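Q: Before I ask anything, let me first share the structure, which is written out below as structure tokens.
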């Protein structure tokens with residue numbers, strides 16, 4: 001079963017990436033299962049809803065009392081050394097919150113790291129039906 005663990009906010013980097021202090025070590029965390037419009041995108045730079053997604057993630061982790069990271073069942077870091085996790089701000093999952101607002105799409109999931117895929121797909125479908133942001 002997945003378990004939440006405490007972390008401390010260091011700095012929000014992008015809509016899909018945040019730097020946190022995890023077990024005494026600063027680390028960059030990539031939000032599992034979501035693709036947000038980038039502002040720091042390698043080949044494109046700033047995409048249409050990127051500053052908005054970026055602002056959303058920043059505000060959410062910045063105003064939280066408690067930040068927790070929840071690793072999935074597969075690998076815990078990607079090839080760039082970033083932690084792969086579901087991040088919670090005062091119990092609310094940031095990954096889901098972005099998708100629910102139409103500020104992120106659900107990424108192509110890779111088992112074993114796909115536990116909350118269906119939950120996220122449900123939020124995306126609602127965001128689509130509401131024509132929010134990305135779906136406007």
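Q: What do the square roots of 5 times the Cα gyration tensor eigenvalues come to for the chain, in whole Å, largest first, as semi-axes of the equivalent ellipsoid?
A: They are 21, 17, 15 Å, listed from largest to smallest.
Q: Stretched out fully, how many nm does the piece from residue 62 to residue 43 gain, at 0.36 nm a residue minus the Cα gap?
A: So the extension gain works out to 4.0 nm.
Q: Okay, moving on. What is the percent of Cα-Cα separations in the range 1-40 that go past 14 Å? Walk me through the intermediate numbers first.
A: Working: 404 of 780 pairs.
For the range 1-40, the fraction of Cα-Cα distances above 14 Å is 52 percent.
Q: Under a GNM of the chain (C-alpha, springs under 10 Å), which listed residue has the highest mean-square fluctuation: 46, 99, 61?
A: Its mean-square fluctuation being the largest, the pick is 46.
Q: With a 10 Å cut-off between alpha carbons and a GNM built on the chain, which of 83, 50, 91 moves the most?
A: 91
Q: How high is the relative contact order of the chain, given as a whole-number percent (alpha carbon pairs under 8 Å, six or more residues apart)?
A: Taking the mean separation of contacting Cα pairs over the length of the chain, I get 24 percent.
Q: Another one. Quick one: work out Rg over Rh on the C-alpha atoms of the range 62-129, Rh as Kirkwood radius.
A: Details: Rg = 12.5 Å, Rh = 12.8 Å.
Answer for the range 62-129: 0.98.
Q: Rounded to whole Å, give me the distance from the Cα center of the range 91-136 to that of the range 59-87.
A: 16
Bear in mind that the values in this text are calculations on the coordinates, not laboratory data.
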